[PDB]
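Remarks on the overall topology
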Amino acid sequence: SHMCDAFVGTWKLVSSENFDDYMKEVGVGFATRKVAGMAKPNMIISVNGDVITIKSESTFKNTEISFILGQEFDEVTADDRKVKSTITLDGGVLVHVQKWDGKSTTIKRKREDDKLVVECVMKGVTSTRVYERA
Ligand SMILES: O=c1cc(CNc2ccc(Cl)cc2)[nH]c2nc(-c3ccccc3)nn12
């Protein structure tokens, strides 16, 4: 048993707050915001050795990242940003930092009760997305 055991599984989006405003702050254009905001993604987390895989499957866009904690990787986000990402575990929270064009956003993922809570921060704007087991 290891580092991310309580994250592993298939999760379904059950609530969202402020996501449109977060996407605006990131620089996502109107049409992409509208379609991405409608999505109800399933997020699938798995671990094999030191490699963590996070897949996001939705009607908008299927994405997949695999990574080792602390080790930078290149990521193409669902809104088509080309970013440099680093994911670490900080006090039991997965902290995912994306850097591009001189900008930075942080996505935190944590277990709280039977939920997986995702907090997306770009400058002063936070969006909270709550997932439950599928
Ligand atoms: O709902 C979101 C939103 C973001 C923020 N990235 C993002 C940026 C641009 C767009 Cl257009 C869409 C998404 N990251 C994120 N990770 C997970 C998640 C949930 C459960 C298990 C594993 C991962 N959900 N979630």
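Residues numbered from 1 in each chain as written, not as in the entry; some residues may be left out. Heavy atoms only, no water.

X-ray crystallography is the method the PDB entry states for this structure, with the resolution given as 1.0700 Å.

Put simply, the rule is: UniProt positions are given in the numbering used here, feature names are shortened, and annotations may be inferred rather than shown by experiment.
Per the PDB entry, the protein goes by Fatty acid-binding protein, adipocyte and derives from Homo sapiens. As stated in UniProt under Function, the record for the protein gives "Lipid transport protein in adipocytes. Binds both long chain fatty acids and retinoic acid. Delivers long-chain fatty acids and retinoic acid to their cognate receptors in the nucleus." Quoted verbatim from the Subunit (literature references left out) field of UniProt, the annotation for the protein is "Monomer. Homodimer. Interacts with PPARG (By similarity)."

Let's talk about the pairing of strand β3 (residues 51-57)
How we decide: For two strands to pair, DSSP has to find at least two bridges joining them. Secondary structure elements follow DSSP: runs of H or I of four or more residues count as helices, runs of E of two or more count as strands, with numbering from the N terminus.
Alignment of strand β2 (residues 42-48) against β3, held across seven bridges, turns out to be antiparallel. In the sheet register, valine 47 faces β3, and the bridge partner there is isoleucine 52. Where β2 folds back on β3, the antiparallel hairpin that results is connected by two residues, among which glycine 49 adopts a positive phi of roughly 65°. Here β3 runs beside strand β4 (residues 63-67); their pairing, made up of five bridges, is antiparallel. Looking at β4, one finds that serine 56 is bridged to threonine 63. Count of turn residues in the β3/β4 antiparallel hairpin: five residues.

Let's talk about the UniProt feature "short sequence motif: Nuclear localization signal" in the protein
Summarizing the sequence annotation, UniProt attributes the feature "short sequence motif: Nuclear localization signal" to residues 24-34 in the numbering used throughout. What you have in residues 24-34 is 73% helix and 0% strand, and the ends, taken at the C-alpha atoms, are 11 Å apart.

With respect to the sheet that holds β2
Condition: Only the contacting stretch of a helix is used when fitting its axis, a line to C-alpha atoms as for every element, and angles between N-to-C directions run 0 to 180 degrees. We call two residues in contact whenever any of their non-hydrogen atoms come within 4.5 Å of each other.
Taken in spatial order, the 10 strands make up an open sheet running β4-β3-β2-β1-β10-β9-β8-β7-β6-β5, and their pairing is antiparallel. A strand with exactly one partner marks an edge of an open sheet, and here the two such strands are β4 and β5 (73-76). Here the average twist between neighbouring strands, direction ignored, is 25°. The sheet strands contacting helix α1 (residues 19-26) are β1 (9-17), β7 (93-100), β8 (103-112), β9 (115-122) and β10 (125-133), and the helix crosses β10 at an angle near 130°.

What to know about the side chain of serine 85
Note the cut-off: Classification of residues uses two cut-offs on accessible area relative to the type maximum, computed with a 1.4 Å probe and protein chains only: under 20% is buried, over 50% is exposed, and between them is partly exposed. Identification of polar contacts relies on pairs of N or O atoms within 3.5 Å, with a donor-acceptor requirement for protein atoms, meaning one able to donate a hydrogen and the other able to accept it, and with residues adjacent in sequence counted only if both atoms are side-chain atoms.
Structurally, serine 85 can be placed in strand β6 (residues 82-90). Taking the relative accessible area as the measure of exposure, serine 85 reaches 0% and is therefore buried. Within the structure, the side chain of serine 85 is placed 2.7 Å from the side chain of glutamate 75, a separation counted as a polar contact. Within the local environment of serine 85, its side chain forms a polar contact with the side chain of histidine 96, the two groups lying 3.3 Å apart. Not counting residues up to four positions away in its chain, the partners in contact with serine 85 are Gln71, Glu72, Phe73, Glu75, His96, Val97 and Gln98.

Quick look at the site of the ligand
Cut-off, in case you're wondering: Here a residue counts as near a molecule or strand whenever at least one of its heavy atoms sits within 4 Å of it. Accessible surface area values rest on a Shrake-Rupley calculation with a 1.4 Å probe, where residue burial reflects the displayed protein chains alone. Only protein atoms enter the 1 Å grid, on which a cavity is a set of points fitting a 1.4 Å probe that cannot get out and a pocket is an open set with protein on both sides within 12 Å along at least 5 of 7 lines, lining residues being those with an atom within 4 Å of a point. Those molecules having more than half of their atoms within 2 Å of a cavity or pocket grid point set are described as sitting in that cavity or pocket. The nonpolar class holds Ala, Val, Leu, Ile, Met, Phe, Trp, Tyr, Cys and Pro. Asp, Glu, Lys and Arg form the charged class, and all remaining residues, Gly among them, are polar.
Taken together, 14 residues lie around the ligand, and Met43, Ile45, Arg109, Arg129 and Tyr131 are the ones closest in. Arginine 109 is positioned such that a nitrogen or oxygen atom in its side chain is 2.9 Å from a nitrogen atom of the ligand. Here the ligand has 550 Å² of accessible area as a free molecule, and 89% of this is covered by the chains. When atoms are counted within 2 Å of each cavity's grid points, the one that captures over half of the ligand is the largest cavity. Breaking the shell around the ligand down by element, the ones donating at least two residues are β2, β8, β9 and β10. Of the residues forming the shell around the ligand, the biggest block, three residues, is contributed by β9. Along the lines of polarity and charge, the residues of the shell around the ligand split into 10 nonpolar, no polar and four charged.

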